[PDB]
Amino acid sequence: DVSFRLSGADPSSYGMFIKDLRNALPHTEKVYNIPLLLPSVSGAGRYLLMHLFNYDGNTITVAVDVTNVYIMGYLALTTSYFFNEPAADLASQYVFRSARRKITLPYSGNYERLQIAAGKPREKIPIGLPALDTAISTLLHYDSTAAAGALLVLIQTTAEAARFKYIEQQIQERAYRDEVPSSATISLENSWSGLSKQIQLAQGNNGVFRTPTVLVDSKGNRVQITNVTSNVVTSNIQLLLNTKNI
């Protein structure tokens, strides 16, 4: 499957990892030239395993649902960890079976619950490659409060980067120095399901959105996306959540 090493990492090797991540996700269709994620996949094939190595070369393996890029759980050493949600519970039937013990985290995997658990919102959590290195290290030694913050970092630097070229670039820019995400980054993370839906509805509507998506731009101004000619659609989003899953 897919792998990333913090040791010796630079914007280029990180770019390569995110390309591999994207390429690991199956699709039979591109909508407006953007891969469309499958409505569903049955069995173990539903889950991609990412091998992540911290600077010291310690590893965790992260389980990702290939239909939505949602992290379900991870394996650190001989212990598996899964979010407290039905979908992750299902995932546990298929991944890291050979783990000696299984811990269920005291929270689900969505941003609202993770931010509560961590004690701070994504806006205040620095991200980048050094932050990912830290996050890997944290997840290696169970601590549920610290893990929440680690998971917010991990999620944004893997799944959200795969979904948006702008987020990938934000992280490449933070290769050697962490920084809290721009509001544009937060906006995009928030809008993924909504943009995926509207890009899909745009087919058979002459590339026009049924409902406009309000984003925040790089310069910090609130903009609305109304059609597929927008740069968000042509030059940013890289994966579409299948409408069947919305």
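Numbering starts at 1 and runs along the sequence shown.
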query	finding
Per the entry, higher mean C-alpha B factor between 76 to 84 and 89 to 97	89 to 97
Which of 6 to 14 and 219 to 227 has higher mean CA B factor, as the PDB entry lists it	219 to 227
Peak C-alpha temperature factor (PDB record), options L188, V64, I60, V41	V41
Where the record places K102 (Cα B-factor, split into thirds across the chain)	middle
Among modelled residues of the same chain, the CA temperature factor third for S235	highest
Record-listed C-alpha B factor of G109: chain third	middle
Record-listed C-alpha B factor of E173: chain third	middle
